[PDB]
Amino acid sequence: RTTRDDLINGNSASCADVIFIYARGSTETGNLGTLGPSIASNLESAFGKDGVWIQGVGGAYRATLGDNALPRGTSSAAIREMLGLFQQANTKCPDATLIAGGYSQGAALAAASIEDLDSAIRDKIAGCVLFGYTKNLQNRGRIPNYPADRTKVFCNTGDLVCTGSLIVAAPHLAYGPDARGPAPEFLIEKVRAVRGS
């Protein structure tokens, strides 16, 4: 449901082919929040339950609303937590293809983490989806040090956080349809582009 720790719980001897790491929005529950479960169900349909590990960013990432105002759009502790998960994935399953995503503060977190990541691990992330990307204007719709072709940003018209503000308006809470269709579609396509099928 809203909590998935497939990577942490998973057996190193039976690694999934695809590992998805996702960061939730502010004040959201579990480690997947409102959008993560919809993406997860679709990835499982495409790769099979044993074919993909779903891992939310929990631990030190508290998804505190106030942290949106910090320099990177999230806390240093949260960035350290997500970096640790990518590092755990790389060590536990070196042959797995990675994919990632985040919503709101989680999108800023995914961007900051990917920016700081060792290039060798970052290069294994086949695609990343960002919803209501809080640093969209500041970063010009990109994740620093990560290719544009592997990035997909979902920013609704009227969602003030995509336009340099930190005000939460109704469009910021309307990413449900994207999480159910285009977001997983993009992730599946990017994984197949490199793994084949």
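Position 1 is the first residue in the sequence shown; the rest follow in order.
Just going by the entry, 163-171 versus 50-58 on mean CA temperature factor gives the higher value to 163-171. Set 100-108 against 80-88 and average the Cα temperature factors; 80-88 ends up higher. You'll see in the entry that, of 157, 45, 134, 34, the Cα B factor peaks at 45. For residue 64, the recorded CA temperature factor ranks within the middle third of the chain's modelled residues. For residue 142, the recorded CA B-factor ranks within the highest third of the chain. Only modelled residues enter the ranking. Looking at the C-alpha B-factors along this chain, the one for residue 187 belongs to the lowest third. In the PDB entry, a CA B factor belonging to the middle third of its chain's modelled residues is recorded for residue 73. Per the PDB record, residue ranking by Cα B-factor puts residue 10 in the highest third of the chain.
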